[PDB]
Each structure stands twice: as C-alpha cells, then as structure tokens.
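A.B. asks: This one's experimental. Sequence and coordinates below.
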Amino acid sequence: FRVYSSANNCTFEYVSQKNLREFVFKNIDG
Amino acid sequence: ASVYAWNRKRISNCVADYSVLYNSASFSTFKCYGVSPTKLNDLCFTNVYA
Ligand SMILES: *[C@@H]1O[C@H](CO)[C@@H](O)[C@H](O)[C@H]1NC(C)=O
C-alpha cells in the first residue's frame, strides 16, 4: 500500500493475526 | 550495548511484575528515585522506558 510516506514515534502498535458491515467509533476519556 | 549507544526499549500494554525484580539479589544496586520499591506494584503508569 501507499497510505503514508513515513511513520515514526510509535506509541501503540497492536496487531491481530451482499454483506453490511457497521461500526461505531467513539473517542471518550482518552 | 555500549553506553554511548544505550539501548532504549519502550514498554507498554503489559502487566508488570517488579516482585521478580527486587526479590533477586544478584542486583548489587536497586536504587529507586521518586518511587517506593515496596509500593511499585500498587501504582499505574502510562509507559516505561528501559
Ligand atoms: C518525534 O518526532 C519525530 C517525527 O516522528 C521523531 O523522528 C523524533 O524522534 C521524535 N522527537 C521527539 C522529541 O519526541
């Protein structure tokens, strides 16, 4: 992919090893 | 690593166990500044730099 040019100063790096897909994103209290 | 290129490891998202750290007696010096070695397991921190 070509999503970013550079990545640095990582704080939190988490990895996980006919249809409607719904998400609700909420940023509260950090 | 040598002192000039001292290794820096970020530690986060873990459940620490300092009991192993201060129980082992191989460490000649275990000086803690600003925190109580006995009371460490009670406290929570954002992140650690080793
Ligand atoms: C964070 O900023 C730049 C860009 O990510 C990074 O190279 C640098 O090491 C970091 N500097 C500080 C002061 O955190």
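C.D. replies: Done, it's in. Numbers count the residues shown, from 1 in each chain, chains lettered A, B, ... in the order given.
A.B. asks: hey, where'd the helices end up in chain B?
C.D. replies: Applying DSSP state H to chain B gives helices spanning B:19-23.
A.B. asks: tell me which parts of it are close to chain A?
C.D. replies: B:12, B:13, B:47 (CB under 8 Å from any CB of the partner chain). Just so you know, the C-beta spots here come from the backbone N, C-alpha and C atoms, and that holds for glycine as well.
A.B. asks: need those in TSV with distance to residue A:4 and neighbour count, can you?
C.D. replies: Conversion of these to TSV gives the following (distance: CB to CB, whole Å; neighbours: other CB atoms under 10 Å in any protein chain shown):
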residue	distance to residue A:4	neighbour count
B:12	22	11
B:13	22	8
B:47	23	11
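A.B. asks: with those in mind, which one is nearest to residue B:29?
C.D. replies: Lowest distance from residue B:29 to those (CB to CB) belongs to residue B:47, with 23.9 Å.
A.B. asks: I'd say the closest one and residue B:8 touch.
C.D. replies: No: between residue B:47 and residue B:8 there is no contact under CB atoms under 8 Å: 11.7 Å.
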